[PDB]
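Working notes, structure below.
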Amino acid sequence: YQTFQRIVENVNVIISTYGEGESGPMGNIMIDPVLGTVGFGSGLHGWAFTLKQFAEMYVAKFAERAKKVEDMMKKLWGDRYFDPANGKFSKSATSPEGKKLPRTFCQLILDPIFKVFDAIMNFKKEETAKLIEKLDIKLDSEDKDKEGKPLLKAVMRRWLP
Amino acid sequence: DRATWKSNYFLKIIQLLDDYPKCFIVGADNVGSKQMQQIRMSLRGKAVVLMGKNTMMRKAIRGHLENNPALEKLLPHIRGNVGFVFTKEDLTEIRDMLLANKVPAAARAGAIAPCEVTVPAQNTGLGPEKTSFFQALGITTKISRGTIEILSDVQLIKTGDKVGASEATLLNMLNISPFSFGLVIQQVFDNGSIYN
Amino acid sequence: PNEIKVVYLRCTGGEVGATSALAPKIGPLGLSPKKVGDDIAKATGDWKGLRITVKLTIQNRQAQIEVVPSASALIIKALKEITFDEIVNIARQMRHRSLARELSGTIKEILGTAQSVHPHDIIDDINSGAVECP
Amino acid sequence: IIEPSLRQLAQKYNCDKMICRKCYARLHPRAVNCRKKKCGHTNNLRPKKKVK
Amino acid sequence: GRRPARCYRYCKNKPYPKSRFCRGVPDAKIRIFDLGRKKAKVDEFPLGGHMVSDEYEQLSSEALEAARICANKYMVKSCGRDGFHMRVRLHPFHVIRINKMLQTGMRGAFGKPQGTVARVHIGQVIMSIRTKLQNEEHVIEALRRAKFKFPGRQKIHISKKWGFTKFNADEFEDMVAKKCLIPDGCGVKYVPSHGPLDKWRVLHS
Amino acid sequence: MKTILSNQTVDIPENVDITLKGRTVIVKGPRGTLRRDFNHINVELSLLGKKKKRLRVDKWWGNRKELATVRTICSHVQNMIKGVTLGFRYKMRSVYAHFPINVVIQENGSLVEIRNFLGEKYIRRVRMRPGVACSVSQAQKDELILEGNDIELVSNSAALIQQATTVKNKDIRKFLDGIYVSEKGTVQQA
RNA sequence: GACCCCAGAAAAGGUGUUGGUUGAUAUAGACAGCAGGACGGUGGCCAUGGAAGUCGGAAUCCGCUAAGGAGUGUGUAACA
Ligand SMILES: [Mg+2]
Ligand SMILES: [Mg+2]
Ligand SMILES: [Mg+2]
Ligand SMILES: [Zn+2]
């Protein structure tokens, strides 16, 4: 997340110094992950995701829907913290107990990605199967048999195309 | 020239003791020369401050022991980075002006930070090119009003630990008031008396 | 905050210069002066130092007001066209006047020494008008 | 992307050193004489050059 | 184009000066023998340092030129162009010969003049530098550096004389005061107490 | 020049007992026991008092070379005392530009595997000297801890790891990857 | 390393050790270490595209001082 933050900041300061001001004819031009103007993923394996996609499936977990996903993208990214145990968000880096909280970006976007990345690349068969069922990712023949990095490629292709 | 310089110090210390009956022994902290120049200009009207080798002072006082007794009380007190200041004005005013004129010392790298500093969330006013220092400390920042804007409060350095070069130069660019200190009175000598 | 942070200095002198100096590049500090501001900056700066003229400015958001600190080489070369003990004596009053002194005699000693750029013997045997300055 | 703190540590063992002008031996940064017999323990030393 | 100096290092022949018998000698490599402020007065430069030789050997005129330049460069760098006066006290008066082999063999073996060297005896002075009293370390360093252009072993001495004169420095000042010495350029003239009294009258007046 | 007598004394803490078998020093403390024989040096080791517990190293008629072996022994014994009271702990930081260095601590800390040093498939298996235990910090991301009673053993093991991660055929001023000894400390910090 | 002729070595080096010469500092607190300060006129003058102590030519002073060179090196385009 820090590395993603550095790239976002470096791009933003480039367009701020050389480009026009916020009151220019173009308007505000800076990139914001909360705004959905910057995405992630890898083109070699054919999978990419945006903050919009995760907020779509987490509002689904929870016009009207358009407002819901738009306001939720704010809590998806940034220096906001989420306790897994409490189940509620928090603006405080330390919980009342004293437990260190993970930031919401890593806790519910990067966390499923790291779980599936570790599961396939470490050949944990039952972990991969349960994750696919829970995340309703659909696979087909000639793809369900494979294991390893090609299986990793196929999963995120069908999860975050 | 070292012989004449030492002798000139001896006649300097001996005539100042004869001239002034009341003195403060004061310990110089990690205070710059500019801080000392400020002190001397501040006190130029009424007081005169002198510093030097502690072993030099003890020898000169011991030589003057016979002519001026009761000065032996200062002998077991010239220890550490301390010096003299010669005064004729009232103690409480001299002490009060001394504890009031403290320069805002900047953050010097590699030193102990006795004052805990925290940076609030405000627009720094620095252009969007000094962000290299902010990213060096990992401080997430955004550019608002065409200038660097810190998102939230950050604690930078705690008490009793070494400061780094990156932390020091971030404080120098932010121009916030770091740990600052001046000379502090060890003891007081009033015509043969010792107090705090 | 004086409506602006414009206490930044300048090191131009002699000819007008205007854009040929570092004024256009240092102009975006306030962003108001530009060509008119630095031209009327040199308007009052042509005299009171034709040397490098280390100066300072205060911006009226459209115009500028210039203050010229008394640099030693500046005032010595500007007052020049020998001893001229009278003119140096009368000039040690309006300067920055601190010089970590204790007596105003010391200031004229220091600038009588800085004007050596020999005029050191006057400081060497100085015995006249020592406390005339303050 | 080494942090500045770790760049200092690795340079303590790789870059901050003295070099004999006669036998290129890698000596500690405070050396005044080379430690090696083949050069006769000469005092002709130069700093190891940097990459800057 | 020249043989190594090891082939002419030792005084093996009788002195062979350039004369009406030895004709066709090329000019010596060294032509200048005094440098620095040669016109300095005697009392200006009281300190005189020498490069004394330890070996009875031959110094080539090429070595004298190289060592004179070497000492001059360091003395200029440390004392300024007008802070010193040097004097090479060896002149290359001995002609060395070469028997060129491309009548072949040793038939008619007598050689032709190749160059000039100066024969130096043990204890003889090769180079002298006079300067102010504070420049002693620069004189010692300059003479030490010039030692590397010479074959044998040389020692660096700091003479007890005043400058280039033959009178001891601790007695030079009051000797001049009592009029036994009168300066003339870089040296002094010794005035004995015998002669016409008219010269004694020219002094003291 | 043969100096008549060069002597140096080391003070032993109360919780330590030093026993001498000739020039063999046996130092026993809370952390265990250390043994080291100085038979390669001709010195007179003796124990002086009861409540102060001094150990005196004498050297009679020594020249310059073997006068330098008096402080050497005294410092070795002081390291032995330090080891059996506080122990030696060498922290090592692994530094890398692109490829993270993966360290796996095998049985009892005796074996250390460096996998991805400069991203190469070779696996460096470094064995610690006996009595030295290696560990991976939970307080830092890339940090080893080498703990043991003997400074000679611990620092030698640390040097084995450091010289294991040595770059070849490249510019070492540019390629700074490897594991280096960061700080030399103790345990119990007392 | 090891004995006239004689059967192999030089200049130049060495913080290896031994002896000697000369000089200097020191309980008015040497030296070496660790720990502070290292200022103001002043970014001194002339140099130029920038030379602020540190590319260069010259100057080489002053007050404050316990001390601080208009500068021993590193470093910046110059600063820092
Ligand atoms: Mg012959
Ligand atoms: Mg030690
Ligand atoms: Mg290569
Ligand atoms: Zn070597």
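Quick note on labels: first sequence line is chain A, next is B, and so on, each numbered from 1. Keep in mind that the numbers below use all heavy atoms, side chains included, and drop hydrogens, waters and symmetry copies.
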* Take the angle between the ring planes of B:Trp5 and B:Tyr9 and call it parallel below 30°, perpendicular above 60°, tilted in between. => tilted
* **D:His41 side chain, from C-beta outward: closest of G:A66, G:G29, G:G14** => G:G14
* To do: Establish, with yes or no, whether the OP1 or OP2 oxygen of G:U17 is under 4.0 angstrom from a side-chain nitrogen or oxygen of F:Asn63.
  => no
* For G:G36, does either OP1 or OP2 sit under 4.0 Å from a side-chain N or O belonging to B:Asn30? -> no
* Asked: Within the structure shown, what part of the strands sits under 4.0 Å from B:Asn172 by heavy-atom distance: base, sugar-phosphate, or nothing?
  -> nothing
* Neighbour stacking check for G:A32 and G:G33, 5.5 angstrom and 30 degree cut-offs -> yes
* Structure fact -> Out of G:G13, G:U65, G:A66, minimum distance to the side chain of C:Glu102 belongs to G:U65
* To do: Pull up the glycosidic torsion of G:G68 and say syn or anti, syn being anything within 90° of 0.
  => syn
* Look at all strands and tell whether C:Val54 reaches a base, only sugar-phosphate, or nothing, counting heavy atoms closer than 4.0 Å. => nothing
* Structure fact -> Against the side chain of C:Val117, the closest entry in G:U42, G:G63, G:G44 is G:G44
* Asked: For G:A51, does the glycosidic angle fall within 90° of 0 (syn) or outside that (anti)?
  -> anti
* To do: Verify the contact: side-chain N or O of F:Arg64 to OP1 or OP2 of G:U17, cut-off strictly under 4.0 Å; return yes or no.
  => yes
* Asked: Looking only at side-chain N and O atoms, does C:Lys108 come under 4.0 Å of OP1 or OP2 in G:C61?
  -> no
* To do: Give me the one residue out of D:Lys49, D:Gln11, D:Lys50 that meets side chain to side chain contact (heavy atoms under 4.5 Å, CB included) with F:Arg173.
  => D:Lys49
* Could you tell me if G:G73 and G:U74 pass the stacking criterion of ring centres under 5.5 Å and planes under 30°? => yes
* To do: Scan C:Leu103 against the nucleic acid and name what it touches under 4.0 Å (heavy atoms): base, sugar-phosphate only, or nothing.
  => nothing
* Closer than 4.0 Å, any side-chain N/O of B:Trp5 to the OP1 or OP2 of G:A67? -> yes
